[PDB]
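Only one chain comes next, encoded as structure tokens, the form deposited in one PDB entry.
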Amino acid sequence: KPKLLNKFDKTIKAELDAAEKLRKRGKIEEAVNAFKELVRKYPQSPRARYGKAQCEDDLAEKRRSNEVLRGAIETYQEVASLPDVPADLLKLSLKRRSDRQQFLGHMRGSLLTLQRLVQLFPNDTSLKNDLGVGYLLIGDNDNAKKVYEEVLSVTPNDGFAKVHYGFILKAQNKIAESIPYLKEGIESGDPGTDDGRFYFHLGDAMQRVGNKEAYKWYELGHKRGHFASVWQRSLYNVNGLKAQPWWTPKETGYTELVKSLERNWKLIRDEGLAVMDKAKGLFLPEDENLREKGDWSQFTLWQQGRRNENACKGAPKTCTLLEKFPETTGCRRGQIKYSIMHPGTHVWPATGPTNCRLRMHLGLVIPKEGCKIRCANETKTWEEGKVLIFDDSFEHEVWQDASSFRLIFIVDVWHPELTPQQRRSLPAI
């Protein structure tokens, strides 16, 4: 059990437990003023101050107020100021302060609180792990690496340190070295290791070193509630949405959109080819993280329901066409863009961020062989002037090993089972 009552505190324990029960009761206003009057009467009490701060914290969560939370943060700090403070209580108060600071985004302020905690309790390894997260939260991966190396020299089988250390190694491009750390840490079962993020990184690493075991771990993560299934692993999801990797135009209901794309495809192609030929700079490379190798770029017309006006100048007829279909131009979780992939390209298996969209691919220039795209367990090919539809919340992988360039048109639509109100109220990402 925890010991919070200083000797003095033990003396005035009677008043303090009363105010604390006033809080524990759930009557926040009462507890606040209760505790405040104790602070006034006995101003040196650590538990009196700690209760004041606890009440401020609860009032902040009740009022959804940042300005109140900021006062709680200082009062937690105040507790640490008073003399002869129980160590248990000190730990509690400063840890809560760090968590609230992190919540408000004061990442470096939290790091400071955490550094102090390590100064106070050099032998509490949990606090070293928390400090390591503090460093991660400011991008200081080198110091985080050092913190976790410390922890692991003294407690080699600490799973929290292991998973975070593996994450660090993988962010340093030591992908093979990171896999055992991630595995062992997840396998320890330790608090803080049952995190979808570590399953994600373990599986991504394994896939990038050709380790077939990845799907096993994906499956485990699904069983732990981190993934929708072994295949469908998006992060921002809405429940109750039909979930299959490949769709027919008929199944989406957006048959008029598919028809407009397929029937006017040479127009869409020609505008894109014109931008390649004359405004090549408008094609921005895709993220090399996803790309093992190759040459892969895109020209974006709509981003998250926002039309790119300077882009639609370069593809004016295609934009005029798309305007007729708010199911795609208003998809705030999707895009509309040209995508060009040159030979020798491999896009790592990956998943889109949401299950609230379906992704259409219109084939504009498709070499006769060498281009293929897998979603879940089905691998398909593009056809010039024909549309593919997949749920890119399902893992998918792309290969370009033709002798010429491959050009497609990417059109995102709201998942057809989302209601109008759902489409209006879904925050873009």
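Note that residue numbering follows the sequence shown and begins at 1.
Taking the PDB entry as given, 70-78 carries the higher mean Cα B factor of the two stretches 70-78 and 295-303.
Relative to its counterpart among 46-54 and 393-401, 46-54 has the higher mean temperature factor, C-alpha atoms as listed in the PDB entry. Within the listed group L22, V413, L418, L407, the record reports its top CA B-factor for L22. As recorded in the PDB entry, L59 shows the highest C-alpha B-factor of the residues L59, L364, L388, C375. When all modelled residues of the chain are sorted by CA temperature factor, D270 is found within the middle third. Sort the chain's modelled residues by C-alpha temperature factor and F325 lands in the middle third, per the entry. The deposited CA B-factor of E187 belongs to the lowest third of values across its chain. Looking at the C-alpha B-factors along this chain, the one for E219 belongs to the middle third. When the CA B factors of the chain's modelled residues are split into thirds, the value for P349 lands in the lowest one.
Although not depicted, the form deposited in another entry is the subject of the following passage.
Put simply, the chain has two rigid parts that turn between the shown form and the other one, and the hinge between them is at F227, picked from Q115, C319, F227, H201.
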